[PDB]
Every structure is written in structure tokens, then in C-alpha cells.
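Below is one structure, written out as C-alpha cells; the observations come after it.
Computed from heavy atoms alone, side chains included, the values below leave out hydrogens, waters and symmetry copies. In the text below, chain A, chain B and the rest are named by the order of the sequence lines, each starting its count at 1.
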Protein chains: 4
Amino acid sequence: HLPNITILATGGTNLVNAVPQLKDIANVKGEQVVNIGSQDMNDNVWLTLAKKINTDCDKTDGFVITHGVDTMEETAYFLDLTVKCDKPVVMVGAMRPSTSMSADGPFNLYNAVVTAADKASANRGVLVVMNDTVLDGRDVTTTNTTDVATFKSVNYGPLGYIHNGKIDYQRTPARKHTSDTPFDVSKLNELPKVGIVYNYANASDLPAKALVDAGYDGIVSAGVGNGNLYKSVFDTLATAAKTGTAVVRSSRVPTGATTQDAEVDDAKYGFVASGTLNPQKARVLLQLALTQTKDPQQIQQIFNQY
Amino acid sequence: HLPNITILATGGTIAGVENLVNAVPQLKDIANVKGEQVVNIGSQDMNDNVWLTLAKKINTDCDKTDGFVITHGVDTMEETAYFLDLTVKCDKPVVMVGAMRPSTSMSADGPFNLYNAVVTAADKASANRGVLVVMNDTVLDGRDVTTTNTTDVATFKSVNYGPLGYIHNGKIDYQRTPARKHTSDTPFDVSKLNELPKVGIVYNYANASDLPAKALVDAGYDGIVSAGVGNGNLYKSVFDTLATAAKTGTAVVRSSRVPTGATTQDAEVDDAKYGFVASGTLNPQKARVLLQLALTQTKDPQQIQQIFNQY
Amino acid sequence: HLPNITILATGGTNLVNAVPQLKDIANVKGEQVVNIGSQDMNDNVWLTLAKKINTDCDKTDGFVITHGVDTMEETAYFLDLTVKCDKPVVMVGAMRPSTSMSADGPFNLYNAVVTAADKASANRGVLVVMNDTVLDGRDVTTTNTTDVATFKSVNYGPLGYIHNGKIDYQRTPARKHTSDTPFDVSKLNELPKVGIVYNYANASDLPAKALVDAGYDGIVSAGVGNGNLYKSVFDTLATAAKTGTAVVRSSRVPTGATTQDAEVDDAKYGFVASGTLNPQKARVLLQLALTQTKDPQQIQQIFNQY
Amino acid sequence: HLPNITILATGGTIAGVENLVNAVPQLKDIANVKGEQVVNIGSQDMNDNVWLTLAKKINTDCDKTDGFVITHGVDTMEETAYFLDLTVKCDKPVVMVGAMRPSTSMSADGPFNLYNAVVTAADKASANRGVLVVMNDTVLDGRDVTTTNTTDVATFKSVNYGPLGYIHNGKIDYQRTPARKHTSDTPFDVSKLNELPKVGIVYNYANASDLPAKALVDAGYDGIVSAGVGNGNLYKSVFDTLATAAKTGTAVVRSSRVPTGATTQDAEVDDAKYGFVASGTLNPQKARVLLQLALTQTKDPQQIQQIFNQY
Ligand SMILES: N[C@@H](CC(=O)O)C(=O)O
Ligand SMILES: N[C@@H](CC(=O)O)C(=O)O
Ligand SMILES: N[C@@H](CC(=O)O)C(=O)O
Ligand SMILES: N[C@@H](CC(=O)O)C(=O)O
């Protein structure tokens, strides 16, 4: 009568006991995949998750991945692009310690299972479920350092709200995800090297130079305003792009697109505009574009479709 | 008698400085306006020398005028605004203004923005509130104000503590003032400075490279601001480079790439152990501003922390 | 080579001269339908618009309706439910006077035409286009009394952003609209009478009583919190609902759903929960539900599908 | 020595009053707590007599304690908070708190909310800021605070001017204080009042019925608050009834159903002609609070407007 839901854990908090109400909604199995703080999240853990989900797809009805809040939005988007399973994959975390007063973890997990168990949640991409809300893996980001309500889809809004164990879904992401992407990670053991550099007044070119000297496959710029670059940084990246380094212009600004056709001649320089992808998200999609192409023009079209 | 307001321009026109005043003839309903082109750069190219130049000029010309408007690009306006909020000693209003659409475009926001900046600079009630940013009918404090959207004319917001007042029909209802110490309540005296201490910013994300932090350490930087994940957390490699650096006297401030909320003391990072400073609600580019100035007074991490708790 | 776009005007500001750049994107024809401040918007103007759009659908490629900001979100939702034309219908207005400095009207109109001319805008329901943003008629609302950026889809987010005359659409409303609704207004000359009453501390039952004595077809409650009712008001509405008055619980609270299964036994009283529809929006959908049914249970299902 | 804090409870439990304290045993790390159940209603049933009772009690018991916490339903908390912000004369912190999830539910917000309300009430720095609402780790002022979402634990926000401070690890960094006059700076003295003037609220929308406004006028209401469209505008029929009413001495305040921003003077409505008052940033339920109190001092629309410009 109830769904089989697999909980993949990536850090701390067993739990069918800790949240006995899960037993009313699904049959939960749990697997510890890794045990890290999500500030140490890395390419290895990403590759492992995509493979496990892709491998175990026919063994369960849905997945819930328990993950730290810090880089949750990076992992969600990585999984969003590399997961080929059609069944729900829901990521979830907690803003407050397990043992703290009014800990958010218990109900978050419950709502995460609810979402993973809902047949209406399939084919919507990888999801993040926090604070009573279903959020798509592409647009979701953490907006506050301490607030329980931190997770928001700050450009295009949530897909659905959860009340009394039910979801009214009113949206679904248009950008292609999961089984509509060509990214296939099944045989990779490492990802292309992509770095992020910050722009601000009197910015040093040294961070950008250090990535170029290291032979990085790509560099994402956390630009100022609509993806602009401090002069030093621009000169160094203009050079990296003609030398075999893919360059993506994003923005430190927390909402809105870094657009083509603004102050930067992207085609003269061989640069790609990230659109609404923030820098860490642009990194994800740049690493994956680089397993398929090094051509700035092709990379730009990937940035326009996923 | 209308107040004398000086516009200091730092770039192009938003409605060069002579052209912008003729573009907004309604300004003479509200002030006697005088412009000087101080520099003419896109704010993506803003730098320490423009900051020194501006502060020294406001401080030198304070008695010559009733108020200042600074026209400035949107990209780094929040940085300049805060630098000035900590270094100007003039206690007449200093108001920063820019525009999100070009002066020539339909529904160009610069004209009315400039008008509202002048209103604000002319209001006696604007004094002693620190350095201000006026955008989209709203008066914002130089410390909290940041750009929130790549394109929206309403992008400028004080995202943690809110605006100071709203402007309707040429009048301001002020309801808030910044409690953090500013202007003539800070110890920062830039009158004799020719340069500012070197402070770079490094970003944190999954699988972050330590190369950017190492590059700043090898260049002998006086300070590094971490744009951390979540509540100011750092990826392993970045943590290790910045712990070493702080041990050899680099000042290290933990801020956050997360766009609202404080990087707090007493969370996952043991700051006192490492010699690290928590930025509070200062975002990375803003923490840079304060750390640069802190480093003109002290290299001690505990004193730098107290500076991060008072300004 | 260019779309035919019809501008229907409902108030003040010809305009192909006033915004000469329209000529680059469409061939614009203009018709003054009525000339009111939108604070005086009414059932008559609504019926007229739906009929005109429905009648003139095959004569144009898209519609733009210039309307005041005050009740724009009411008209947009009414048209959203009653328009049977498959072609874009875009509503637009201005926060600042025509003759004021940095007037928003010119570029708003331009972006409204851009949206109406985009083939990607069809089949998305009736839209509102303000401040560089494409907003669905159901969720859109005015959030600030004076801000140019006032129009937001505060529950589910915008459908698309407009940069340099192009729209990246990433969302579309799931709730049924336009030709997927049974509301057909082609032969109606009046709508059912629906009133709105406000809740607050020590609230009078007199507003609610006055609607009941008048024989209103329906009453929408702008409830407190999650759609709750001050005791006086509750008693009067509990009575209206058993007497032939349909009762919809909405909320004065500007975001979120008024849910079923919270503090109010909806089925015991014969009440309907508005969900995310604010009171003025709930009124629109209640007036239209009442042209089809007076049954609280059927009305509730209409509130769950449109 | 820990401060003495009194909890006045107005309804059910959020973690009756004796049960809530045993539910949050950590409170005795931070205060010596005493509870009184003052009433026990859902706040959807809040009313004038509870407001009179609360204010008179805080004012009577001010010397008996170091601070007050009022547990209260979320629905009308923003109303109570403002009534009290205008009538309490005690200059120790008064802090309102509630919960969005039931005490029994998973991840119940009431426990930690109550804890944070006590922290706030015990902080010496909380005094002289007016009446406060503490929800979701945030200290909000009683004038601006409103509920923004039907269900979200983070619903409480000061939507125009922002919060006063944020609470982390039991400490508050205060950065703002309300400039509008409150508490012992208002003239409103409710010590001898047995009731409050009658003020109803009418809603505006397309094709709005005038019946609700007529019903209030026929009942002899002392005041009516319009929940206008846009910048406080009124539908024709509603305008006409309320113009007539103001002409016969009903006070009429224009507010707005729009959830942020001021209902301004000098927009489309000629207030001085009609004898109408602009609410400013007061939302309709909040404008009711101030108008009720204004009507204890004056029935003159110009004096009522000045009251709407100062409090
Ligand atoms: N820094 C922690 C925060 C959390 O547990 O959510 C982590 O990301 O693992
Ligand atoms: N990038 C430009 C944008 C503007 O004009 O505001 C600048 O910051 O100078
Ligand atoms: N009150 C005016 C505002 C505007 O022109 O947008 C109207 O709705 O017609
Ligand atoms: N309607 C309830 C909700 C709550 O417990 O806050 C009340 O206002 O009392």
C-alpha cells in the first residue's frame, strides 16, 4: 500500500525511529553514502551520487538525499543535470542542529519523504524541499546565513507548497533536466577543473592568473552588476579564453540574469554569459559542458538550454 | 533661498556633468547645483585611488556647500558608499546615485533618480545619517545597501535592516537611522593616506581550489576576505591556506556568498583559535572595505573583530 | 513581416507616435473601449473586454490592454478565466504619470507589445507585463502603493523576464485558464453579486449582515491569518451559507493559501477555502463559479482547478 | 542574578501558561519567569476589552518586574502589538510572541520562539524601542510588523522599514529603532477608559458594494478605515458614502489593501476637500488602531492627520 523510499545520507542527522511518522507515508530504507560537512562537498561525492541513483533507480519508488545547507544548491543542480532516473529525487537539510530547540530537521525530512512519495513529483527534475516548499534544483539557492526559510527559487519561484502532507504543484521547470540532457556521468571518475573568481573594486588579477597557470579547463567570473569584470581581471580572462580556458560570466548579484548584449562583447572575447545561473551553479554546468565541448559558441548554447 | 548642492561625477551621464544638469532642468526648483567631473570610469573599474580622492575632496570642500550628490555606476556603488560612510568627516549629507537603464533608453531611470538624490541632499533631516544611496524613490544607508538584481531598476535594497525613508512628491519620511558608527564617529582618517592596505577576496564552493588564496598569500596581501558557504564556512583547502596565512600575520575575515544574514561568531568555526574575524552582516566586498581601513589602525585580529562589531 | 497587435485602452495614457519604437516590432491598431480610473473598474467593463477579445480574436495576432494599476490584478484574472482566444492577451499599466520624470509607461507598453508579439507567449493565459517581467494573470498582484516594481507573482513567481526585446520563458501556469475553463461569458449582461468583508480585531458583523440582507449571491471573507473569521463575522457567514449565500474564505495576508483542514470546519458550515486566491481574486472566481453552480462542494472543486 | 520576566498569556500554549514554562525548561538559564493567564482566546477573536486589559495591566505592574512577554495568536498579533506600542507607559521591554505550528507538531516553532522572546525581554538594550514582536530569530517593531504568509514560520516581517535586530546564540545586535513616537511619548492614556471608539474597516475592489460603508454610517460609527485599491483609492460608491459620512463628522482614514508602501497625501484624492486622513504606511487594521485612539483625543480631521504623521 505505501511507497518504497530510499534515504541517501551525505552527513549527520536510524531515523524511522527519530521521526516515527515516516512509517505512515513510506517504507524507508537508509544508506550512508559519505559523511561530510557540505562545505567540503566535492566532485567525487557528486559522481558517486549520480551513479548510485542511476544504478538503483528500479529498486525504489523515490530518493531523498540528506545534505548540508552550505552547498546544497550546487549538488542539487549537478544531480539535476546528470540523473537519468525518472523517479523523484528530493534533497533536504536543516538550518538548526538536530538537538536544538525547535529543530527543523524532523518536519523537513517528513516533507521530503512526502514529496518523494508523490507521483505528481516525477518528471520535475531534482528537487529541494525545505520549509514546506518544493523547489527546483536549477533555481534554488540559500538566501540567508541562519534563517530556517533560507531556500528560495529567487528568479522563477517554487513549484509547489506542502500543507497537511499534500502538494499543490502549480509549476515545473522549462529548462531541460535529467533524462533530457546529454550529460552522462556513468563512466567519469573526474570532472573538468573549473574555478570561480570574485570581482569587486581594485580586484587583484592574481586569483584568475593562478587558475590560468594551473591549466584550468574553465573559469567562472562572479561579476559585478550585470556580469562585468574589473579591468585586471578582464585582461587576464580575455587572455585565458584565447589560450584554451572556457570563460563564463556570472554575477555576485544574487538575482537576475547575466545577459548577452550588455557591456561585454562576448563573441569578440570567446566568453559565455551564464544567464540566471549564479557562479557556483554556472560552475556545475560549465564542468559538464566541458565533458562534451570546448567551443565557446557550443558552451553558450548549453547555457541557453539547461 | 535654495541650498547649494555639489554633484561629484565619477562616470558617464545617467540623464559629462554639465550635460546631466541641463538634462534635469527641474533641479533648479530644489537646489543651486554645481558639478565637477572627478573621474570618468565605469564602476566595474572602481579602485582605491578614486575612493581616496572622493573622501579627501568631500572633507576638503565640506564648508563650500550644503550637500553632495555623487553620480556613480551601479556595479560597485555599494562599495564606494560604505568606504565613504567610514571616511567622510563632513556632516552634511553625502548621497550616491546611479541608474540601471541608459540615459537614452525609453523610461530612463536616471533623471528622476538624480532629482530624488538632490531632494535628499537638500533635506536638513538627511544630515547625521551617514553616507546614503538614493535609488527608486528610496533612501538607503551606505552600510547595508547592496544591489540585488542584475537589471531591475529597483535592485538597490538594504537587505538586512531596511531603508531609512521613502521619497514621495519631493519629501522624505525618515523612520530609521543606522546605529553602527559612521562618518565623524569612526577613527579612520584618510586625509594623509596615499594608498590602502591590500585585501583580496576568495570564493568558496564545492571542490574549491586553494590557488586563489595561495596566490594572495604569496603576493604578501595584508588581508583576505573569504566569501564563504552558508554561515561563513570554508572549503577544506581554502581553510588550510587561510589558517596558515593568519598564523603568519595575514588578517582573515570570514564573510559569506549568501546574500543576506550575518556571518556569526560561535558557529562551526573556532575564530579565536585561528585568528579569524567574523564579518557580521558585511558581505564580502563590504568586509573588504572595513578590513582595509582596520588595517590602517591595527593588525591584531581581536582588535579587528571589535572594529567589525562597532562599524 | 511584423505582427498585428491591437491595443485596447481602458483609461488615459495616439501612441505609435508617443513610442515611435513600436513601429519596429508590430503594426499597432488602437481602440478606446472605455475611459475610467481603474478604482472604478466594474462587471460591465469586464464583460465588454471578454466579448471584444473573443469576437476580434481572428482579426489580430495579439492584444495589449492598457489599464490602471489599482484593479489590474482583478481584470487580468477575470480575462484569464473568460477569454477563449488562444492568442496573447497582455495587460499593462504605469506607476508614474505620463508627463512625469522617468515615466514607466513608454517602456512598459513597448515590453507589453514585445510580449504580445512573441509566439512563445501563446497558450500561457492572460498575462500582465510590468517592469521587464511577464506575470501570469492568476498569481499577479500589486505589492506596493508607489513602486514601479510593484507587480509580482508573489506565490509562484514570474513566467519570464524581458531583456533587449526577448523573453526567456521558464514557467507556465498549471491551473486551467482561457479555453480550458467552462466559464463562457458570451451571453451574460450581468454577473452574480459578490461582496468582500474584512476581518480584524473587534470586527463588526454589520458589513457581512448588509450583504446578506441584500441577497448577495456570494461573500468573500478577507480573513485573518489562515483565513479565520472574527466570531461576529463567523456567526453571520455561518448563517448566510445555509440561506443561499456562497461563502469563500480568503485572507488579508498577502501571500500563501487559505487552506482546508486548518481551524475552520468548511464542510460543516458549507464554506469554500480560496487557496492562494486573495480576496479580490476569489471574488472573480466566485462570481464565475456562481454562473454555473450554487453548490459549496462544486464551488470548492472549481477553487481547486482554476 | 537573572532578570524577572512576566509572561502574560492570551490564549493556548505555543510549546495553560504553567504548562508552557515546564515545556521550555531552558528559560531558567536566562530569566526568573512568572506566568499569568490573562484570557484564553484564539486571536481571530481579539477585541478592545483584551487590549484595555493588557495595557492597564502592564502599566499597573511595571515596577513588579524587569520585562514582559505576551504569548498571542499570530492572526491579529500585529494589531495588539501596535495598540500596546501606543498605550503602554512602562519603559521596560514588552515582547509579543506566537507560533505558526501547533505545539504538538513536528518541528514546533513555539519553544524557541518563546525562548527568543524572553532573551529579548531580558536584554537591557531592548528598552525604549517600543513594543516588540519576536518571531523566527528576529526582533520587530510593533508599528511596522505584519504577518506576510498564511502558514510560513517566517511570516512576521517589518515590510516597509525592516527589523530592529537579529537574535543569534541568545544575543541581539540591535541596528535600528523606530523613529515614530511610541509608549510614554504618545498622549494616549487608556488608564480610565472602559471602551474604545467604534471604527470599522471596508474593502475596495472592482464593482465594490457601498452597503458595508452605509451599514457602518447607519450604526453611527465614530470612524471608518478604507482598505483602498493602489495608493488608497476608493471605488465610486464607496467614495460617495464615505464623503457624505465625513461631512457629518465620521472620521475617515484612507489606507490600502496593498501590502507595502504608504497611502500618501497628494495623489489622486483631495483629502482636505473631503475631510479624509491618509494612513501613511499603516495598513488598514493598523490604521484602525491609531484612529480609535485618535478619536479619544479629537474628532477634527486635521488634528487626526497630524496624529497619523507623528505616531
Ligand atoms: N555546515 C553544515 C550545515 C548543515 O549541517 O546544514 C553542512 O553543510 O553540512
Ligand atoms: N557597469 C556600469 C553600469 C552603470 O552605468 O551603472 C557601471 O557600473 O559604471
Ligand atoms: N488610479 C489609477 C492609477 C493608474 O493610472 O495606474 C488607475 O488605476 O487608473
Ligand atoms: N488562529 C490562531 C493561530 C495561532 O495559534 O497563532 C490564533 O490567532 O489564535
ask   = In terms of heavy-atom proximity below 4.5 Å to chain C, should A:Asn304 be classed as side chain, backbone, both, or neither?
value = neither
ask   = Considering residues, nucleotides and ligands other than C:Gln297, do more than 12 of their heavy atoms fall under 6.0 Å from its CD?
value = no
Side chain C:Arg171, main chain A:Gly157, donor-acceptor under 3.5 Å = yes
key: Trace of the side-chain contact (heavy atoms from CB on, under 4.5 Å) decision for A:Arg138 with C:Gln170   = CA-CA 11 Å; A:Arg138 187 178 194 275; C:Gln170 292 195 31; 3.7 Å; yes
query = Taking A:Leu159, A:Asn155, A:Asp139, A:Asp261 one by one, which has the highest count of heavy-atom pairs under 4.5 Å against chain C?
reply = A:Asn155
remark   = What one should report as the nearest heavy-atom pair of A:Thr259 and C:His163 is OG1-NE2, 3.0 Å
Check: A:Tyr156 ring centroid to C:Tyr169 ring centroid under 6.0 Å = no
task = Side chain from CB out, backbone as N, CA, C, O: work out which of these in C:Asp132 comes under 4.5 Å of a heavy atom of chain A, or both, or neither.
result = neither
ask   = Relative to chain A, which segment of C:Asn164 carries a heavy atom at a distance below 4.5 Å: side chain, backbone, both, or neither?
value = side chain
request  = Taking only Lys NZ, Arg NE, NH1 and NH2, and the carboxylate oxygens of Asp or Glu, determine whether C:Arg175 and A:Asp168 approach each other closer than 4.0 Å.
outcome  = yes
